[PDB]
Structures are given as C-alpha cells and as structure tokens.
Amino acid sequence: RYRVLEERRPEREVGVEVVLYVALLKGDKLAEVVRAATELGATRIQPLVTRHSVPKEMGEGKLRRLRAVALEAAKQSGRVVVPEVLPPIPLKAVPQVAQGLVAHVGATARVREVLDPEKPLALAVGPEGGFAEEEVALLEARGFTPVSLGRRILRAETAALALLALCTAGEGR
Amino acid sequence: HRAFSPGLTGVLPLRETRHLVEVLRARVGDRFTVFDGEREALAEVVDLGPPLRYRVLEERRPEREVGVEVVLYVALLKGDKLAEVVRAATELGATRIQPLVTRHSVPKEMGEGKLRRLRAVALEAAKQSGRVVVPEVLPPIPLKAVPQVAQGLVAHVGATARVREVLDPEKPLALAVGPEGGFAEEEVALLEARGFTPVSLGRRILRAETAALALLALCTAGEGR
Ligand SMILES: Nc1ncnc2c1ncn2[C@@H]1O[C@H](CSCC[C@H](N)C(=O)O)[C@@H](O)[C@H]1O
Ligand SMILES: Nc1ncnc2c1ncn2[C@@H]1O[C@H](CSCC[C@H](N)C(=O)O)[C@@H](O)[C@H]1O
C-alpha cells in the first residue's frame, strides 16, 4: 500500500544538461531542429560554423526568431525551462566535455552502449555535407565519442533529433 | 571485416589502418570489405603502410535495410504533417506505413491525392536515404483493423517501459503513434491486446511527428541498423 503524501507539478526536464552543438544548415531547417530538440529535452543549443556548413554566421534577427521558436515549443511540450539558443561559434571553440556524443557514419558504437544517464551530455551533428574527418578528430579530442545512427543516410535535422531522442526519450526521461 | 574508408580511394584512415593491422593482423593479399556511407566494396590489401592501402576488387551494395519488417501505424494527422512523418520514417527504415482512423484524429479519411503525395514522398526519401526498398503507404484503416502482431510498441503518454527494455531486434516491428489528441484509454488497451507494449518517449509531451521519429529512431538508427 501507500498514500499520496504530497501532490506536485510533474518533472519535465531530463535531469542533466543536454547541450546540442549543431552545424548551421541551409534553408530554414535549423528552426525545426530547435523546436523538436526543445521537445526532446535539450537544455542548450549551440550552433556551429564548420568546414562544410554553408552559412557561417547568423544575424541578431535570425537568432531572435530561433529563440521564440524554442520558447513556444517549450510551452507546448510542458516545460518551464527554456533552452538557451546561442550565437554560432567556430567548431574549434567547442569546449572539452565530460561526456560527448558525435554522430559519425563510420562508428560502430551504439548510444546505449556509451551513454551514462547520470552525467551531462554534449551532442554534435554536422551540416548537410557532414563533418570533415579532422573535425571529428577534434571532437573526439574534446571528449565526444563517435556513435552510429544506422545503415542509412539521414538528413542533418533527423540525425540531430534521432541522436537526441536516444538520449532522452530512449531513457524514458 | 568491414572497414570505414571515406571515398573508397584505396587509402585507409589511420584508425582503420591500425585496427586492421594491429588487431586483426592483416597482410598484403588479405581480402576485406570497405565502405563510407554511400558505397561498399571488396578490397584487397596492397601495402600495410601505414596508412594501409588497398585495391577495389568488386563494388558492392551497401546494407541499407533494418533487417526485419518495420510497420508504422500512425494516426491520421491534420494538414501535411504525415508528409514529414513519412519522410522521416523512410530514412529511419520503416518498411510500411499504415495510417489509422482513430477516436481523436481530426481527419477520418484520406483521398487519392494525399496518398499520392505521401507515396511520392516515400519514393524520394528512399532515394535520398540510399535505400532501394520503398516503404509502402497504405490507405487509412480503422484502429480495430490493426492485426495481432509479433512485436508491437505503442508510444503512450501514460506509459513507463523504455524501448531498449522490450525491443527484440530479431522479430519484425509494429509501431503505433496517436494523433494530436492522442490515443484514448480504450484504444491503448485495444492496441495492447493486439500485441503492443506501451512505451515512454520521455517526460515531455511530444508532437505526433516527433514521437514517430523518436520511437523509430530508438528501434533502428539507435541499434545501428
Ligand atoms: N548513418 C549515420 N550515422 C551517424 N551519423 C549520421 C548518419 N547519417 C547522418 N548522420 C549525421 O548527420 C550528419 C549530416 S550527413 C551529411 C553527408 C555525409 N557527411 C556524407 O559524407 O555523405 C552527419 O555528419 C552526422 O552528424
Ligand atoms: N512522452 C511520450 N511518450 C510516449 N508517447 C508520446 C509521448 N509524447 C507523445 N507521444 C506520442 O505522440 C502522440 C501525440 S501526443 C497527443 C497528446 C497527448 N496524448 C496528451 O494529451 O498529453 C501520442 O498519442 C503518442 O503516440
């Protein structure tokens, strides 16, 4: 048996920090990554300018739009915490990470074989052209572990959402 | 052994090179397979270098499929949301997409025009995802017509089991996502009677589109297949 000792507002956050470092993308794609990523529990979205990313910046205006999307998706998903969407930085400026995951076509390691649900999370995804093998080395040097997303080619948007889902939705959090 | 080589240029990355030579003990003449996400081929070691060099014997066909049938049962969604779902499910590996007319789904049917576009989408997405197999997109059917399944996972808000705690990679997969309003209490139960195990996609309410993506990602891309 038991007894309702005290009602409370439901836990909506994932528990640990989840920073998604995503390469700038063509079209409007990024807006969509931000929204869905907000629903999937990301806490920080850090756009990256990389070797093959077409865009290399982002006006103050484009960034404000991405922030309204995050806020709007936050309310829809039932979250109180609004993920911080930041100004794009260089891939070299990627900080050292306690635990990081990078989607790479070559790896064999699955996310469930690598993930420690107790520590913070750093996730990296490349642009439509992908990361340059020197960028993945840089990433591995930062602490990001290369992980597989299957035997099919995924749009960058999907890879980011898929990678994130296996870390949040997949762990039931 | 399958080894990652970006471009199939005949030169292996220092990583794959060390692994094949240091661990698997490769020798000139040793035949192995190379790939990069677009192609696959039978290679023969030419020099251990490093970096190890090889010559391509015969171009191969990359393994693209999940390996088992993956059927997505998705509730009819408003607007063109199902175009997104279809695109993502094709690149994520669904083998068939089955729209369902549910208690809370706004649309209750789908015309020839919509089915055509979704089919056009499946075809394009299969091409862009590298697949040859094109997911079949069937006309909608009532929830009740969902058949008994060998392995079914239904994304339910009121669920607690993780996918990785139930998933059997060897059996075919049947997946179910509800419409914007979500599955009713009677429906989830019915789906559960059909062989579906309710599953959680986390603590936040997700759009039906994102749920299907998440659920599919966890069963395919996640298992590296
Ligand atoms: N099957 C897969 N496994 C792991 N990551 C993948 C993936 N498919 C796509 N991605 C992710 O999505 C990004 C964009 S895919 C871009 C094209 C790819 N670089 C190529 O050479 O064809 C990749 O850099 C990676 O971050
Ligand atoms: N956190 C979650 N866990 C499992 N399934 C979810 C989910 N979030 C969304 N879904 C899936 O996405 C569909 C649309 S969400 C529908 C609204 C939701 N039932 C509510 O009123 O709270 C749901 O039917 C379910 O199939």
# chains A, B, ... in the order shown; residues from 1 in each chain; ligands from 1
$ residues_near_ligand --ligand "ligand 2" --cutoff "9 Å" --atoms "only C-alpha atoms and all ligand atoms" --output "PyMOL selection string"
(chain A and resi 40+77+169+172-173) or (chain B and resi 74-75+154-160+176-184+198-212+215)
$ write_last_selection --atoms "N, CA and C atoms" --output "CSV table (one decimal), in the first residue's frame"
chain,number,residue,atom,x,y,z
A,40,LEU,N,12.4,17.4,-27.2
A,40,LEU,CA,13.2,16.2,-26.7
A,40,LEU,C,14.0,16.5,-25.5
A,77,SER,N,5.4,21.7,-25.1
A,77,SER,CA,5.9,20.4,-24.5
A,77,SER,C,5.7,20.3,-23.0
A,169,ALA,N,14.3,10.5,-24.8
A,169,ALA,CA,13.2,9.6,-25.0
A,169,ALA,C,13.5,8.2,-24.7
A,172,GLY,N,13.6,7.1,-21.2
A,172,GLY,CA,12.3,7.5,-20.5
A,172,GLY,C,12.5,8.7,-19.6
A,173,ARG,N,13.0,9.8,-20.1
A,173,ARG,CA,13.2,11.0,-19.3
A,173,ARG,C,12.9,12.2,-20.1
B,74,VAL,N,0.4,4.9,-37.8
B,74,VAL,CA,0.3,6.3,-37.4
B,74,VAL,C,-1.1,6.9,-37.6
B,75,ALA,N,-1.6,7.5,-36.6
B,75,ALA,CA,-2.9,8.1,-36.6
B,75,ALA,C,-2.9,9.2,-37.6
B,154,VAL,N,3.8,0.7,-28.7
B,154,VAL,CA,2.9,1.8,-28.9
B,154,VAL,C,3.4,2.9,-28.0
B,155,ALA,N,3.6,4.1,-28.6
B,155,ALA,CA,4.0,5.3,-27.8
B,155,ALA,C,2.8,5.8,-27.0
B,156,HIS,N,2.9,5.7,-25.7
B,156,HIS,CA,1.8,6.2,-24.9
B,156,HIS,C,2.2,7.2,-23.9
B,157,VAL,N,1.5,8.3,-23.7
B,157,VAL,CA,1.8,9.3,-22.7
B,157,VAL,C,1.8,8.6,-21.4
B,158,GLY,N,0.8,7.8,-21.1
B,158,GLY,CA,0.7,7.2,-19.8
B,158,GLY,C,1.4,5.8,-19.8
B,159,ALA,N,2.7,5.8,-20.1
B,159,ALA,CA,3.5,4.6,-20.2
B,159,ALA,C,4.8,4.8,-19.4
B,160,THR,N,5.4,3.6,-19.0
B,160,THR,CA,6.6,3.7,-18.2
B,160,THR,C,7.8,2.9,-18.8
B,176,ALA,N,3.1,2.2,-33.1
B,176,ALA,CA,1.9,2.9,-33.1
B,176,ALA,C,2.1,4.3,-32.4
B,177,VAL,N,1.6,5.3,-33.1
B,177,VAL,CA,1.6,6.7,-32.5
B,177,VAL,C,0.2,7.2,-32.7
B,178,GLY,N,-0.2,8.0,-31.7
B,178,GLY,CA,-1.6,8.6,-31.8
B,178,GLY,C,-1.6,9.9,-32.4
B,179,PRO,N,-2.8,10.5,-32.7
B,179,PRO,CA,-2.9,11.8,-33.4
B,179,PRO,C,-2.7,12.9,-32.4
B,180,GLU,N,-2.9,14.1,-32.8
B,180,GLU,CA,-2.7,15.3,-31.9
B,180,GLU,C,-3.4,15.1,-30.5
B,181,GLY,N,-4.6,14.6,-30.6
B,181,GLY,CA,-5.4,14.4,-29.3
B,181,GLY,C,-4.8,13.3,-28.5
B,182,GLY,N,-4.2,12.3,-29.2
B,182,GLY,CA,-3.6,11.1,-28.5
B,182,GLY,C,-4.6,10.0,-28.5
B,183,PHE,N,-4.1,8.8,-28.2
B,183,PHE,CA,-4.9,7.6,-28.1
B,183,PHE,C,-5.8,7.7,-26.9
B,184,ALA,N,-7.0,7.2,-27.0
B,184,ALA,CA,-7.9,7.2,-25.9
B,184,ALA,C,-7.5,6.0,-25.0
B,198,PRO,N,3.1,-0.8,-24.3
B,198,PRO,CA,3.2,0.7,-24.2
B,198,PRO,C,4.6,1.1,-23.9
B,199,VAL,N,5.0,2.2,-24.4
B,199,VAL,CA,6.4,2.7,-24.1
B,199,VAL,C,6.4,4.2,-24.0
B,200,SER,N,7.3,4.6,-23.1
B,200,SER,CA,7.5,6.1,-22.8
B,200,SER,C,8.6,6.7,-23.8
B,201,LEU,N,8.3,7.9,-24.2
B,201,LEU,CA,9.3,8.6,-25.0
B,201,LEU,C,9.8,9.8,-24.2
B,202,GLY,N,9.8,9.6,-22.9
B,202,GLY,CA,10.2,10.6,-22.0
B,202,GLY,C,9.1,11.4,-21.3
B,203,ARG,N,9.5,12.4,-20.5
B,203,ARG,CA,8.6,13.2,-19.7
B,203,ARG,C,7.9,14.3,-20.3
B,204,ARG,N,8.3,14.7,-21.5
B,204,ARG,CA,7.7,15.9,-22.2
B,204,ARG,C,6.7,15.4,-23.3
B,205,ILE,N,5.6,16.1,-23.4
B,205,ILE,CA,4.6,15.8,-24.4
B,205,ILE,C,5.3,16.1,-25.7
B,206,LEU,N,5.2,15.2,-26.7
B,206,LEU,CA,5.8,15.5,-28.0
B,206,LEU,C,4.8,15.5,-29.1
B,207,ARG,N,5.1,16.2,-30.2
B,207,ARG,CA,4.2,16.2,-31.3
B,207,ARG,C,4.2,14.8,-31.9
B,208,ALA,N,3.0,14.4,-32.4
B,208,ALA,CA,2.9,13.1,-33.0
B,208,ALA,C,4.1,12.8,-34.0
B,209,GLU,N,4.5,13.9,-34.8
B,209,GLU,CA,5.5,13.8,-35.8
B,209,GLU,C,6.9,13.4,-35.1
B,210,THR,N,7.2,14.1,-34.0
B,210,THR,CA,8.4,13.9,-33.3
B,210,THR,C,8.4,12.5,-32.6
B,211,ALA,N,7.2,12.1,-32.1
B,211,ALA,CA,7.1,10.9,-31.4
B,211,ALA,C,7.4,9.7,-32.4
B,212,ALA,N,6.8,9.7,-33.6
B,212,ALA,CA,7.1,8.7,-34.5
B,212,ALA,C,8.6,8.7,-34.8
B,215,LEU,N,10.4,7.2,-31.6
B,215,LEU,CA,10.1,5.8,-31.5
B,215,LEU,C,10.9,5.0,-32.5
$ select_by_dssp --residues "range 25-153 of chain A" --states "helix (DSSP H, G or I)" --output "PyMOL selection string"
chain A and resi 29-39+60-77+91-93+111-114+133-142
$ closest_atom_pairs --of "chain B" --to "chain A" --cutoff "9 Å" --atoms "only C-alpha atoms" --output "CSV"
residue,atom,partner,partner_atom,distance
B:3,CA,A:106,CA,8.5
B:4,CA,A:106,CA,5.7
B:5,CA,A:106,CA,8.3
B:6,CA,A:106,CA,8.7
B:35,CA,A:106,CA,8.5
B:36,CA,A:106,CA,6.8
B:37,CA,A:105,CA,6.1
B:38,CA,A:153,CA,8.0
B:62,CA,A:151,CA,8.1
B:63,CA,A:151,CA,6.5
B:64,CA,A:151,CA,5.2
B:65,CA,A:151,CA,7.2
B:66,CA,A:151,CA,7.7
B:88,CA,A:158,CA,7.0
B:91,CA,A:154,CA,6.1
B:92,CA,A:152,CA,7.3
B:93,CA,A:152,CA,7.9
B:128,CA,A:153,CA,7.3
B:129,CA,A:153,CA,4.6
B:130,CA,A:152,CA,6.2
B:131,CA,A:152,CA,7.2
B:160,CA,A:172,CA,7.2
B:161,CA,A:172,CA,7.5
B:162,CA,A:172,CA,5.7
B:163,CA,A:170,CA,6.4
B:164,CA,A:170,CA,7.1
B:199,CA,A:172,CA,8.4
B:200,CA,A:172,CA,5.5
B:201,CA,A:169,CA,4.0
B:202,CA,A:173,CA,4.0
B:203,CA,A:173,CA,5.1
B:204,CA,A:77,CA,5.4
B:205,CA,A:77,CA,4.8
B:206,CA,A:39,CA,5.9
B:207,CA,A:39,CA,8.0
B:210,CA,A:36,CA,6.6
B:211,CA,A:169,CA,9.0
B:213,CA,A:162,CA,7.2
B:214,CA,A:165,CA,5.4
B:215,CA,A:169,CA,8.1
B:216,CA,A:162,CA,8.7
B:217,CA,A:162,CA,5.4
B:218,CA,A:166,CA,5.7
B:220,CA,A:150,CA,6.6
B:221,CA,A:150,CA,4.2
B:222,CA,A:149,CA,5.7
B:223,CA,A:110,CA,6.2
B:224,CA,A:150,CA,3.8
B:225,CA,A:150,CA,4.4
$ select_by_dssp --residues "range 15-140 of chain B" --states "strand (DSSP E)" --output "PyMOL selection string"
chain B and resi 31-35+40-47+53-60+70-75+96-101+136-137
$ residues_around --residues "range 90-95 of chain A" --least-positions-apart "6" --cutoff "10 Å" --atoms "only C-alpha atoms" --output "PyMOL selection string"
chain A and resi 21-23+46-51+56-57+122+124+131+135+138-139+142-143
$ atom_distance --atom1 "CA of residue 30 in chain B" --atom2 "CA of residue 61 in chain B"
20.5 Å
$ closest_residue --among "A:81, A:134, A:97, A:87" --to "residue 61 in chain A" --atoms "only C-alpha atoms"
A:87
$ closest_residue --among "A:62, A:75, A:67, A:26" --to "ligand 1" --atoms "only C-alpha atoms and all ligand atoms"
A:26
$ atom_distance --atom1 "CA of residue 127 in chain B" --atom2 "atom 7 (C, counted along the ligand's line) of ligand 1"
15.1 Å
$ residues_around --residues "range 7-15 of chain B" --least-positions-apart "3" --cutoff "7 Å" --atoms "only C-alpha atoms" --output "list in words"
residues 18, 19, 34, 35, 36, 51, 52, 53, 54 and 55 of chain B
$ write_last_selection --atoms "N, CA, C and O atoms" --output "PDB file, in the first residue's frame"
ATOM      1  N   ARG B  18      45.329   1.045 -38.400  1.00  0.00           N
ATOM      2  CA  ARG B  18      45.940   0.442 -37.230  1.00  0.00           C
ATOM      3  C   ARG B  18      45.128  -0.771 -36.778  1.00  0.00           C
ATOM      4  O   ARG B  18      45.683  -1.842 -36.551  1.00  0.00           O
ATOM      5  N   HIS B  19      43.813  -0.604 -36.668  1.00  0.00           N
ATOM      6  CA  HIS B  19      42.941  -1.684 -36.223  1.00  0.00           C
ATOM      7  C   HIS B  19      43.075  -2.976 -37.012  1.00  0.00           C
ATOM      8  O   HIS B  19      43.154  -4.064 -36.435  1.00  0.00           O
ATOM      9  N   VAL B  34      35.260  -2.629 -47.695  1.00  0.00           N
ATOM     10  CA  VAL B  34      35.336  -1.220 -47.316  1.00  0.00           C
ATOM     11  C   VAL B  34      34.003  -0.516 -47.573  1.00  0.00           C
ATOM     12  O   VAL B  34      33.204  -0.970 -48.385  1.00  0.00           O
ATOM     13  N   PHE B  35      33.762   0.590 -46.873  1.00  0.00           N
ATOM     14  CA  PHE B  35      32.509   1.336 -47.025  1.00  0.00           C
ATOM     15  C   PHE B  35      32.703   2.783 -46.558  1.00  0.00           C
ATOM     16  O   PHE B  35      33.745   3.119 -45.978  1.00  0.00           O
ATOM     17  N   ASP B  36      31.703   3.631 -46.792  1.00  0.00           N
ATOM     18  CA  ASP B  36      31.777   5.035 -46.374  1.00  0.00           C
ATOM     19  C   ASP B  36      30.410   5.685 -46.175  1.00  0.00           C
ATOM     20  O   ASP B  36      30.315   6.899 -45.967  1.00  0.00           O
ATOM     21  N   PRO B  51      49.674   4.714 -43.887  1.00  0.00           N
ATOM     22  CA  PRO B  51      48.361   4.068 -43.781  1.00  0.00           C
ATOM     23  C   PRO B  51      48.221   2.904 -44.761  1.00  0.00           C
ATOM     24  O   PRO B  51      48.782   2.939 -45.855  1.00  0.00           O
ATOM     25  N   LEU B  52      47.468   1.883 -44.370  1.00  0.00           N
ATOM     26  CA  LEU B  52      47.268   0.715 -45.218  1.00  0.00           C
ATOM     27  C   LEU B  52      46.605   1.104 -46.532  1.00  0.00           C
ATOM     28  O   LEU B  52      45.707   1.946 -46.546  1.00  0.00           O
ATOM     29  N   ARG B  53      47.048   0.489 -47.630  1.00  0.00           N
ATOM     30  CA  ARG B  53      46.497   0.757 -48.963  1.00  0.00           C
ATOM     31  C   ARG B  53      45.858  -0.499 -49.541  1.00  0.00           C
ATOM     32  O   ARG B  53      46.334  -1.606 -49.311  1.00  0.00           O
ATOM     33  N   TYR B  54      44.795  -0.318 -50.315  1.00  0.00           N
ATOM     34  CA  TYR B  54      44.081  -1.443 -50.898  1.00  0.00           C
ATOM     35  C   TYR B  54      43.554  -1.140 -52.287  1.00  0.00           C
ATOM     36  O   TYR B  54      43.431   0.014 -52.685  1.00  0.00           O
ATOM     37  N   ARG B  55      43.237  -2.194 -53.020  1.00  0.00           N
ATOM     38  CA  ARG B  55      42.673  -2.034 -54.342  1.00  0.00           C
ATOM     39  C   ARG B  55      41.277  -2.651 -54.307  1.00  0.00           C
ATOM     40  O   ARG B  55      41.057  -3.688 -53.677  1.00  0.00           O
TER      41      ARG B  55
END
$ atom_distance --atom1 "CA of residue 189 in chain B" --atom2 "CA of residue 105 in chain B"
17.2 Å
$ closest_residue --among "B:116, B:39, B:2, B:25" --to "ligand 1" --atoms "only C-alpha atoms and all ligand atoms"
B:39
$ closest_residue --among "A:66, A:86, A:123, A:101" --to "residue 32 in chain A" --atoms "only C-alpha atoms"
A:66
$ residues_around --residues "residue 80 in chain B" --least-positions-apart "6" --cutoff "12 Å" --atoms "only C-alpha atoms" --output "list in words"
residues 86, 87, 107, 110, 113, 114, 115, 117, 118, 121 and 209 of chain B
$ residues_around --residues "residue 152 in chain B" --least-positions-apart "6" --cutoff "7 Å" --atoms "only C-alpha atoms" --output "number ranges by chain"
B: 173-175, 195-197
$ write_last_selection --atoms "N, CA, C and O atoms" --output "PDB file, in the first residue's frame"
ATOM      1  N   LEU B 173       8.909  -5.461 -36.497  1.00  0.00           N
ATOM      2  CA  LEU B 173       8.409  -4.442 -35.598  1.00  0.00           C
ATOM      3  C   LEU B 173       7.123  -3.806 -36.073  1.00  0.00           C
ATOM      4  O   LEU B 173       6.934  -3.582 -37.268  1.00  0.00           O
ATOM      5  N   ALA B 174       6.240  -3.534 -35.116  1.00  0.00           N
ATOM      6  CA  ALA B 174       4.960  -2.881 -35.360  1.00  0.00           C
ATOM      7  C   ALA B 174       4.980  -1.695 -34.399  1.00  0.00           C
ATOM      8  O   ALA B 174       5.206  -1.873 -33.194  1.00  0.00           O
ATOM      9  N   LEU B 175       4.775  -0.488 -34.918  1.00  0.00           N
ATOM     10  CA  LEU B 175       4.817   0.691 -34.064  1.00  0.00           C
ATOM     11  C   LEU B 175       3.522   1.467 -34.181  1.00  0.00           C
ATOM     12  O   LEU B 175       2.865   1.420 -35.220  1.00  0.00           O
ATOM     13  N   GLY B 195      -0.992  -6.831 -29.170  1.00  0.00           N
ATOM     14  CA  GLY B 195       0.394  -7.232 -29.025  1.00  0.00           C
ATOM     15  C   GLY B 195       1.370  -6.080 -28.846  1.00  0.00           C
ATOM     16  O   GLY B 195       2.583  -6.291 -28.920  1.00  0.00           O
ATOM     17  N   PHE B 196       0.857  -4.871 -28.620  1.00  0.00           N
ATOM     18  CA  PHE B 196       1.727  -3.712 -28.439  1.00  0.00           C
ATOM     19  C   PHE B 196       2.044  -3.472 -26.972  1.00  0.00           C
ATOM     20  O   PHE B 196       1.161  -3.541 -26.120  1.00  0.00           O
ATOM     21  N   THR B 197       3.315  -3.186 -26.695  1.00  0.00           N
ATOM     22  CA  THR B 197       3.782  -2.894 -25.351  1.00  0.00           C
ATOM     23  C   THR B 197       3.857  -1.377 -25.228  1.00  0.00           C
ATOM     24  O   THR B 197       4.601  -0.733 -25.959  1.00  0.00           O
TER      25      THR B 197
END
